[PDB]
Structures are given as C-alpha cells and as structure tokens.
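One chain comes next, on its own, written as structure tokens: the form deposited in one PDB entry.
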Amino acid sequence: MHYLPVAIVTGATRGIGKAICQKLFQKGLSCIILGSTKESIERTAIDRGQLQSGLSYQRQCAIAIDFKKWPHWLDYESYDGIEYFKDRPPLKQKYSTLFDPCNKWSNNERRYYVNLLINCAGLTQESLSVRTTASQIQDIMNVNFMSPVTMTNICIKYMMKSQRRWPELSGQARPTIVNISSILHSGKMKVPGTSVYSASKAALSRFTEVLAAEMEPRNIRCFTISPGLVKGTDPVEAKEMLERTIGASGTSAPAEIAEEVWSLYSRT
C-alpha cells in the first residue's frame, strides 16, 4: 500500500544467520536481528557493501537480547538495539517490542510488517551429560528451545492480528516460521558430548510439527529444517564412519541453509 515484508533472524551463531540475512537482503527483504550479545549481532548483520547496494526502502536493525535468561527477557521494558544505514555508521536505538522496528520504519505510503521468523537455535554443547551442570542445561534449553517457542508464539499472534488489521495483505508469500534443527536431532547420528543439544533440537523439531497441525486452519506456515553439521568445531572415528551413512544430508554450510530457507519461503 505499499507493504514491505521483514524477517526476524534469531539466535544465529556460525555465519548461518549472516548467510540467511544476505539471502533475504538480496531478495529485497528487511531484517531484525536478535542476538545474545553485541558481538554475535555484529557477526550476523550484513556489511555496508551489501547495505549501500540495497533498494531504497530496505532496512536492517539488530537487538541484543539474552535468551539464556528466558523467561525474564519477555518482561523487559524496552530493548536496546542498533539501526543500520546505507551511508553513515550504525546508531543505537530503543524498542518497545521486537516488532517495533516495523512501526518506526513505516510511513503513510509504506508499511513494514513481519512475514518471516527464522529461529536458528545455535547454542552448542561439548560435554558428557554426567559432567554437565544445571546451569549449562538451562542455557542450552533456553537458547535452543524455550526462547524459540516464545518468539514463535509471539510472532504467530502478531501475524494473525496483522492479517485482520491490514486486509490487503492477503495479496502479498504466506506468513512463515522456520525453525532450525540438526541432523543430530534423530537417527543414527549420536555424538557423545552432544546430549542436551540433541535433545533441544529434537524438541524444536517435534514442537514445530504439532504446531503446524494447529496452524492448518490458519494462514500460517510452520517449517522445520534439519541440516547436517556445518564446518568447524563440533570428531570421534565411529562418527566419521557414521557420517558417511549418507550425503548430502550429513554435512551443510551457511549458504546452503540460507538457500534452503529461501526455497521454503518462496514456495507457492
């Protein structure tokens, strides 16, 4: 009216969110990046080069929010973010909500709205279960499952309201949510030291699937993507043999996942 779609990218950790953002930006979307720290945010946010070459109305911001502290983060008064510009260096700003940047970007001729949520759920574990503290279990489950569930719920309600509030929006891709899992979440890929991380991804997966059935009668699309291991970090010999069990499912890279996310969002 015009109407401008935006994606929220969540919990991205190993260049995966960078790759996702870059895809969405090349495809003409705006992004809200939700990082745990100012450092993670910076890594995810796209460069000034891809900023300058963006369509005139394209926007990117980032917001530091500690998912480790779920559910306390739900109750914060305002959120401290960072607004990006084509021509000048980034500027601090503050937000009433996670959807607020959409309000702030919008004017009389153009309405930015959230149409895509990607939950990356990227906190990794590298310790045997018997040697993992309560605090660590909490961090993995809060960052990978609990916080994603809340973003998912919050975002679905926003999406459901907006269809009512801006009827012309039915013209528009259907409202989408994608949650990223791991090949580790099921099957033969069982990696010692990966106990609660695998559990969290199985939880994210299963959750997304029952939710999809709840959202059938609604306009909302709920996808879960289950990539292979991405290069670096995360070695046992049996595993290397195990990994063979198949390609291309055993291994992944940021740019592949980015493409796989776009494939899902683009479907018609």
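Residue numbers here begin at 1 and follow the sequence given. What we label the rigid core is the largest C-alpha set whose atoms superpose within 1.5 Å from one form to the other. Residues that one form lacks are left out of the comparison.
Here the subject shifts to the form solved in complex with a small molecule, a form of this protein not shown in this document.
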Open item on the list: If we define contact as a non-hydrogen atom of the residue within 4.5 angstroms of the partner, is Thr124 a contact of the small molecule in the entry with it bound?
Closed with: yes
Task: Close approach of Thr208 to the small molecule in the entry with it bound, 4.5 Å, heavy atom - done: no
Task: Any non-hydrogen atom of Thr152 within 4.5 angstroms of the small molecule in the entry with it bound - done: no
Open item on the list: With a cut-off of 4.5 Å between heavy atoms, is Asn115 one of the residues that contacts the small molecule in the entry with it bound?
Closed with: no
TODO: Establish, in the entry with it bound, whether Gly35, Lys68 and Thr194 all lie within 4.5 Å of the small molecule, using non-hydrogen atoms for the distance.
DONE: yes
Open item on the list: The chain here is shown without the small molecule. Which stretch in 158 to 166, 85 to 93, 103 to 111, 116 to 124 comes within 4.5 angstroms of it in the entry with it bound, by heavy atom distance?
Closed with: 116 to 124
Open item on the list: Please name the one residue from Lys69, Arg218, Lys38, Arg206 with a C-alpha displacement of 2 Å or more between the shown form and the other one, using the rigid core for the superposition.
Closed with: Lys38
- [ ] Superpose on the rigid core, then tell me if the C-alpha of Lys23 is displaced by 2 angstroms or more between the shown form and the other one.
- [x] no
Open item on the list: Please state whether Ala12 has a C-alpha shift of 2 Å or more between the shown form and the other one, with the rigid core used for the fit.
Closed with: yes
Task: Direction of the Cα shift between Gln26 and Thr13 in the entry with it bound, where the change is 3 Å or more - done: closer
- [ ] Just say closer or farther for the C-alpha distance from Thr13 to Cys61 in the entry with it bound, relative to the shown form; it changes by 3 Å or more.
- [x] closer
Task: Segments displaced between the shown form and the other one (3 or more residues, each Cα shift of 2 Å or more, core-superposed) - done: 11 to 15, 38 to 43
